[PDB]
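Just below is one structure, and these are the notes that go with it.
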Amino acid sequence: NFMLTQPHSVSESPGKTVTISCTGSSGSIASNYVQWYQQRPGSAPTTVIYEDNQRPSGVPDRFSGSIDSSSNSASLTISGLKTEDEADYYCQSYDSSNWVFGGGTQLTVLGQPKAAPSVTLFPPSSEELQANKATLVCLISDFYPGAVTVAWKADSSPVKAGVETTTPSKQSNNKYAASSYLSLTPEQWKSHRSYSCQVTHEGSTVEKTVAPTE
Amino acid sequence: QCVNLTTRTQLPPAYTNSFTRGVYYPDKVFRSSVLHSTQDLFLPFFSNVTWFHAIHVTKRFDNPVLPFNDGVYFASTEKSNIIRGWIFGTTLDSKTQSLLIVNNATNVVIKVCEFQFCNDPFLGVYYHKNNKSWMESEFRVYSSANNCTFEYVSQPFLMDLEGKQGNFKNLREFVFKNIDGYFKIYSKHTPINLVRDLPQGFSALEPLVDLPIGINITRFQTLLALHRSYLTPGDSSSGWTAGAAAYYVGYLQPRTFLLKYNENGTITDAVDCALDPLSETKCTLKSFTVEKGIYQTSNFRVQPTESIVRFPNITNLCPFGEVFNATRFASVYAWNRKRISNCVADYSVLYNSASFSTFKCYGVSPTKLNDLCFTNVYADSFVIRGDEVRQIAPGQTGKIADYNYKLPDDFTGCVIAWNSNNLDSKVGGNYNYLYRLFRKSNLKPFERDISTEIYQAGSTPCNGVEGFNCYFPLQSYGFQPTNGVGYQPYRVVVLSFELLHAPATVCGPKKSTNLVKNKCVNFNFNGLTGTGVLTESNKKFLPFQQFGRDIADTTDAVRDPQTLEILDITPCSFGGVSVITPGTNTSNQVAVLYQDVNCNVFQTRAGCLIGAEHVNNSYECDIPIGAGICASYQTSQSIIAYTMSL
Amino acid sequence: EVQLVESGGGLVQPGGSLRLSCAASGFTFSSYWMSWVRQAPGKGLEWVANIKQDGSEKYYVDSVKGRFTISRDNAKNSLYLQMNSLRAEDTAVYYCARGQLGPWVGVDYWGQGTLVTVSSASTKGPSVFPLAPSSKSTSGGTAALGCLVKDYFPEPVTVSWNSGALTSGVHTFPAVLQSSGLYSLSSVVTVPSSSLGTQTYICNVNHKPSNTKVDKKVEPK
Ligand SMILES: *[C@@H]1O[C@H](CO)[C@@H](O[C@@H]2O[C@H](CO)[C@@H](O)[C@H](O)[C@H]2NC(C)=O)[C@H](O)[C@H]1NC(C)=O
Ligand SMILES: *[C@@H]1O[C@H](CO)[C@@H](O)[C@H](O)[C@H]1NC(C)=O
Ligand SMILES: *[C@@H]1O[C@H](CO)[C@@H](O)[C@H](O)[C@H]1NC(C)=O
Ligand SMILES: *[C@@H]1O[C@H](CO)[C@@H](O)[C@H](O)[C@H]1NC(C)=O
Ligand SMILES: *[C@@H]1O[C@H](CO)[C@@H](O)[C@H](O)[C@H]1NC(C)=O
Ligand SMILES: *[C@@H]1O[C@H](CO)[C@@H](O)[C@H](O)[C@H]1NC(C)=O
Ligand SMILES: *[C@@H]1O[C@H](CO)[C@@H](O)[C@H](O)[C@H]1NC(C)=O
Ligand SMILES: *[C@@H]1O[C@H](CO)[C@@H](O)[C@H](O)[C@H]1NC(C)=O
Ligand SMILES: *[C@@H]1O[C@H](CO)[C@@H](O)[C@H](O)[C@H]1NC(C)=O
């Protein structure tokens, strides 16, 4: 059960030296060679560190590695931290006739700071409900950063099943937009009091209320 | 500010031929009646030069951002003064210093800064309704600049803003260079009555300015002026006119030129040295008139193509098999020591397998092992349980690391470990294996002990019998078939490599490329890096020799080691480029003669003669060649070669 | 400089058999170790299988043990991977990995790869719902219009309004994956509310795998 433990978001820093630690638990990683793999997002991966102390030809000398047997961890150090570092890194080992890979450590961050999110509702019409369907869509747009949570509130109890949300997409306004879909039945639509779809952001919460009375 | 253009139908660029164009003064000195040769960047004669159009009658507007090489040639046959100026730079994004040279209607300025350039700088000319004159108002060249170093204003050249569709009446040439950060501009206005296919006339370009800027230039763009009359709606989307204009862009490359000077020090004619054999003969003699006779201009040498290597055969496989495939393994306190030497090392089967669990190599890197030759190779072997495998590495401490086997801190070897539980243990377990638990002190590296005395722990001696405060340092190991993975037996073999003053006896495998013969190739047969052909010989060698020399003491016969063939070494070819000339005021063509190189084309006794037709009849000869064969110009009429008549 | 070309994917099958190929050039195929590595879209790297330079020894992970097979040959310089009894987890991008000395030196070689996805939905008729918000106040994201496309497979859908006559203000939200792995998306355009009855709004939806083109008029409730 050999595995490697390493973080997922580190080195978000401009222009200095930062170390990344990858460690194992089942056995000593210093017995065999451990290598670091470095991958373009959306393209083919490459390798920055091999043999645990050297680098391939053409790789800049900014990257370096070290081994600490006291803490049973492997350290990868990047010195330059230039503009060519937007990658996720992995640590790979070899226990016995098998290969084990790391989780992945994403490194990407090397006029108005706040935008009001415009939120809209589209309740199902008579055409939707006459075909034994009920699609409620929760739309959110113009938010920064794109880290939001969409929730649905019923008359007396929050729902858990039937709600799907997509990742935000980059539009032509230097902002992001996200959508949420809910599949429901007409029986609970007319047996409730007021429907609510709430969205949470960094120190912001916008809630909207509609009624089945049309 | 700037605007973007719309897609339309354009014309592809065409290619024209230069005719004695691109010659300027290479220095600021005076030479009178002097044929002086200098090394500088010019435009070669009869070279391919890139051509662009600018005539409206359609809608041709092509100004790409062409790369700036070492020196450019810009010739414009401007008539209606449609061209305005040039810009330079590297990225054109307000990050590096960039040039702005514009010949405006009032004055000429040279500003180098970080101007924010759009995708197509241009100047806009409007026709006024009340005023019957063309004036420029749209000064859309850049947005802004932050800071810069150099600025210059030239003379106020008068500019005509009226565009027509007639034939050209003036020709303007410009040369831009950048040596040691110094900007060089050469220009000269030359009137002509022509529209296309620039004449064969000669006109040297005088220097104009020597602006010190000291930046990098790799891209440049051209600025053009359009007109907005009452016919066009006035919008720069689909309706516009640009008159009739044309400009040529050429790139300079370094060549050697022979320049002729007159009594007032003006350049009249130029002769190249790498264009024509006649031109080479003219420029080597430092004269514009060549008489009849033999002449030597340069030499000719063939170059090697490939590089073959054939190391001798390797078959001395090291005894790595039985040291790894050993039925019996010694105890840890009595670890075996085997010396391996005088064999060709083969680690290829060692790393290609995967039955082993540890392949760490301290000191030296295992990625290059076949290219390393060592003097002595040692190999130890002992069995240890899976827990005490990390204790083998130097630096760590433990029971095995300090009482049974200690490694030095400067180890340059490798450690091989693998698991063998079924072979080393039966159903009842193995109890034949001994290890040390107690010692008087620590153990020095590469030291083993065999004594099985009674370990003393307290102060009172036990008189050499079993009792309290003194026990057996040597103890047995218990093994189980169903125990843990860490308690299973593991076999560990440690490799040690050392260098001494003795010659190296252990070497890695070598490679051998295929043998190519009868071609000018390069070979390295363990004693020389010789380049030449490898012919098949007819002389046998005694069965102890690898080399071979001649009377002149030159290695020209080396035996191939892997099939035992005797191959000769011969230099590829060399010689000189001789030329025969009919003379002055008689002909213009020459014929190339090689002194001893073996190949319209006639195979003469005195080498290879090309460009001269051999004829069987014999006349009296005038230009000697050699071996009873001369050359002459005889009836049109061409250069002939024949046997001379006594 | 070593070329690696992979072309073995591009189709969906539940529990079937698939054949992936990696082509290599620029080196000697019969002297270095070989491997295969896959990664999930949006997840980390994981190892799949490895094979010796002569094909004598092959190993896989315990998740794919029992199934899967790998074979090689040195005459035509190609690597063969065959899969059987696929599951829903097998949506991954497969790279053919090349070694130098053994399993300790490193992967260090990742062919560009081929996108491989598996799904059970072959082709179903899309559902069109041009929602008409007759009653809606101002100061909102959408004044009054709505179009919804639901229950279609696979991507993509050509969404047009008024046969492509209008193109300003059209915003099409990306498709979302439901609990059954089904795509759904909506497109909104900002138009004045005074033209609800004075202008005809038709939502055009075209699906190329389903060869269906449905134009539906928008009528306020
Ligand atoms: C110990 O014996 C085994 C068994 O033959 C050797 O393993 C073979 O290695 C050769 C190398 O030429 C391969 O061609 C065979 O395929 C291998 N056979 C098996 C069954 O493993 C091994 O090389 C020997 N150990 C040493 C160090 O010589
Ligand atoms: C110039 O180049 C073009 C194509 O690159 C070729 O067709 C043409 O013959 C060249 N001109 C000369 C004088 O060689
Ligand atoms: C002509 O153009 C130059 C280039 O910047 C400018 O400095 C000059 O002011 C212009 N002339 C007039 C009269 O505007
Ligand atoms: C500003 O001018 C100085 C010269 O005084 C120059 O070294 C510097 O590079 C300029 N600034 C920029 C951003 O180029
Ligand atoms: C100019 O460019 C050359 C080659 O690109 C480079 O060697 C040199 O350092 C550059 N100099 C400056 C001042 O940018
Ligand atoms: C150049 O020299 C020639 C030879 O005497 C003479 O005829 C001519 O006038 C001179 N030209 C000038 C510009 O001095
Ligand atoms: C060199 O070795 C090969 C096998 O490794 C053998 O076939 C060949 O005959 C040898 N060459 C000699 C003995 O000249
Ligand atoms: C010159 O070369 C040709 C072909 O390579 C050959 O037939 C001829 O014999 C050679 N001449 C001499 C004098 O060796
Ligand atoms: C010259 O004449 C002789 C007469 O026999 C003939 O054999 C030979 O081929 C001729 N040579 C040429 C080049 O015509």
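Quick note on naming: the chains in the structure tokens go A, B, ... in the order shown, residues restart at 1 in each chain, and ligands are numbered from 1 in order of appearance.
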
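Within 6 Å of chain A, counting only C-alpha atoms, chain B contributes residues 357, 358 and 360 of chain B.
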
Next, dump the selected residues to file, keeping only N, CA and C atoms, as an mmCIF file, in the first residue's frame.
```
data_model
loop_
_atom_site.group_PDB
_atom_site.id
_atom_site.type_symbol
_atom_site.label_atom_id
_atom_site.label_comp_id
_atom_site.auth_asym_id
_atom_site.auth_seq_id
_atom_site.Cartn_x
_atom_site.Cartn_y
_atom_site.Cartn_z
ATOM 1 N N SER B 357 14.312 -5.249 -5.619
ATOM 2 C CA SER B 357 13.526 -4.233 -4.934
ATOM 3 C C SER B 357 14.266 -2.922 -4.721
ATOM 4 N N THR B 358 15.592 -2.954 -4.613
ATOM 5 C CA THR B 358 16.388 -1.756 -4.381
ATOM 6 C C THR B 358 17.466 -1.650 -5.451
ATOM 7 N N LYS B 360 19.536 1.435 -5.702
ATOM 8 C CA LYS B 360 20.161 2.710 -5.385
ATOM 9 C C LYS B 360 21.671 2.609 -5.560
#
```

Residue set, stretch 309-431 of chain B restricted to strand (DSSP E or B), as an MDAnalysis selection string: chainID B and resid 310 317 336:340 343:344 356:361 374 376:385 414:419

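Closest to chain A among C:73, C:46, C:215, C:6 is C:46, based on only C-alpha atoms.
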
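Inspection of the environment of ligand 2, which uses only C-alpha atoms and all ligand atoms and a cut-off of 10 Å, identifies the neighbouring residues as residues 14, 15, 16, 17, 18, 46, 47, 48, 49 and 50 of chain B.
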
At most 10 Å to chain A: residues in chain C, only C-alpha atoms, as a PyMOL selection string: chain C and resi 41-50+58-62+95+103-113+128-133+135+139-142+146+148+150+171-179+184-186+221

At most 9 Å is the cut-off: for each residue in chain C with any atom that close to an atom of chain B, write down the nearest atom pair and the distance in Å rounded to one decimal, counting only C-alpha atoms, chain first then increasing number, as CSV.
```
residue,atom,partner,partner_atom,distance
C:31,CA,B:352,CA,8.9
C:32,CA,B:352,CA,7.8
C:33,CA,B:352,CA,7.3
C:52,CA,B:352,CA,7.3
C:53,CA,B:352,CA,7.9
C:57,CA,B:353,CA,8.7
C:100,CA,B:367,CA,8.2
C:101,CA,B:351,CA,5.9
C:102,CA,B:352,CA,5.5
C:103,CA,B:354,CA,7.4
C:104,CA,B:359,CA,7.2
C:105,CA,B:367,CA,7.7
```

Write the selection just made, keeping N, CA, C and O atoms, as an mmCIF file, in the first residue's frame?
```cif
data_model
loop_
_atom_site.group_PDB
_atom_site.id
_atom_site.type_symbol
_atom_site.label_atom_id
_atom_site.label_comp_id
_atom_site.auth_asym_id
_atom_site.auth_seq_id
_atom_site.Cartn_x
_atom_site.Cartn_y
_atom_site.Cartn_z
ATOM 1 N N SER C 31 15.674 -2.112 -27.004
ATOM 2 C CA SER C 31 16.729 -1.995 -26.006
ATOM 3 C C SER C 31 16.354 -1.196 -24.764
ATOM 4 O O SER C 31 17.194 -1.073 -23.866
ATOM 5 N N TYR C 32 15.141 -0.653 -24.672
ATOM 6 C CA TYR C 32 14.732 0.124 -23.511
ATOM 7 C C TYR C 32 13.345 -0.307 -23.054
ATOM 8 O O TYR C 32 12.545 -0.821 -23.840
ATOM 9 N N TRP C 33 13.072 -0.084 -21.769
ATOM 10 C CA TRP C 33 11.788 -0.447 -21.184
ATOM 11 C C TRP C 33 10.670 0.446 -21.707
ATOM 12 O O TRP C 33 10.890 1.593 -22.102
ATOM 13 N N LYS C 52 8.751 -5.114 -20.534
ATOM 14 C CA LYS C 52 10.181 -5.168 -20.799
ATOM 15 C C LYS C 52 10.464 -4.878 -22.274
ATOM 16 O O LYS C 52 9.561 -4.826 -23.115
ATOM 17 N N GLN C 53 11.750 -4.688 -22.585
ATOM 18 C CA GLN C 53 12.150 -4.362 -23.949
ATOM 19 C C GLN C 53 11.945 -5.523 -24.916
ATOM 20 O O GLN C 53 11.867 -5.296 -26.127
ATOM 21 N N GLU C 57 8.380 -9.904 -19.785
ATOM 22 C CA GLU C 57 7.747 -9.593 -18.510
ATOM 23 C C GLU C 57 6.816 -8.401 -18.680
ATOM 24 O O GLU C 57 7.223 -7.363 -19.211
ATOM 25 N N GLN C 100 14.418 4.312 -19.960
ATOM 26 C CA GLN C 100 15.833 4.403 -20.303
ATOM 27 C C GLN C 100 16.605 3.174 -19.843
ATOM 28 O O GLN C 100 17.287 2.529 -20.643
ATOM 29 N N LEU C 101 16.512 2.840 -18.561
ATOM 30 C CA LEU C 101 17.216 1.709 -17.976
ATOM 31 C C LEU C 101 16.300 0.746 -17.239
ATOM 32 O O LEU C 101 16.512 -0.466 -17.300
ATOM 33 N N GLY C 102 15.287 1.253 -16.539
ATOM 34 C CA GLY C 102 14.383 0.415 -15.790
ATOM 35 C C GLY C 102 13.284 1.214 -15.120
ATOM 36 O O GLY C 102 13.024 2.369 -15.469
ATOM 37 N N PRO C 103 12.610 0.608 -14.139
ATOM 38 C CA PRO C 103 11.530 1.312 -13.435
ATOM 39 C C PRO C 103 12.002 2.320 -12.396
ATOM 40 O O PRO C 103 11.155 2.946 -11.747
ATOM 41 N N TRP C 104 13.310 2.503 -12.218
ATOM 42 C CA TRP C 104 13.830 3.443 -11.232
ATOM 43 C C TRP C 104 14.287 4.764 -11.838
ATOM 44 O O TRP C 104 14.306 5.777 -11.132
ATOM 45 N N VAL C 105 14.661 4.771 -13.119
ATOM 46 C CA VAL C 105 15.193 5.978 -13.744
ATOM 47 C C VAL C 105 14.110 7.047 -13.863
ATOM 48 O O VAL C 105 14.332 8.219 -13.530
#
```

Exercise answer, 8 Å around ligand 5 with only C-alpha atoms and all ligand atoms, as a VMD selection string: chain B and resid 214 to 217

Selection within 8 Å of ligand 7 by only C-alpha atoms and all ligand atoms, output as number ranges by chain: B: 312-315, 561-564

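Counting from atom CA of residue A:16, the distance to atom CA of residue A:114 is 29.0 Å.
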
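With a cut-off of 8 Å and using only C-alpha atoms and all ligand atoms, the polymer residues contacting ligand 9 are residues 614, 615, 616 and 617 of chain B.
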
Near-ligand residues for ligand 1, threshold 7 Å, only C-alpha atoms and all ligand atoms, as a PyMOL selection string: (chain B and resi 320-322+324-325+349-350) or (chain C and resi 56)

Same residues, C-alpha atoms, output as an mmCIF file, in the first residue's frame:
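Contents of the output file part11.cif:
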```
data_model
loop_
_atom_site.group_PDB
_atom_site.id
_atom_site.type_symbol
_atom_site.label_atom_id
_atom_site.label_comp_id
_atom_site.auth_asym_id
_atom_site.auth_seq_id
_atom_site.Cartn_x
_atom_site.Cartn_y
_atom_site.Cartn_z
ATOM 1 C CA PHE B 320 27.862 -11.788 -12.739
ATOM 2 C CA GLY B 321 25.665 -14.871 -13.184
ATOM 3 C CA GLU B 322 26.663 -17.247 -10.397
ATOM 4 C CA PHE B 324 23.589 -13.535 -8.271
ATOM 5 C CA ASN B 325 22.270 -17.049 -9.000
ATOM 6 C CA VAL B 349 20.792 -7.426 -17.638
ATOM 7 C CA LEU B 350 21.180 -5.921 -14.147
ATOM 8 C CA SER C 56 8.960 -11.278 -21.721
#
```

Pick from B:582, B:41, B:478, B:457, whichever lies nearest to residue B:289 using only C-alpha atoms: B:582
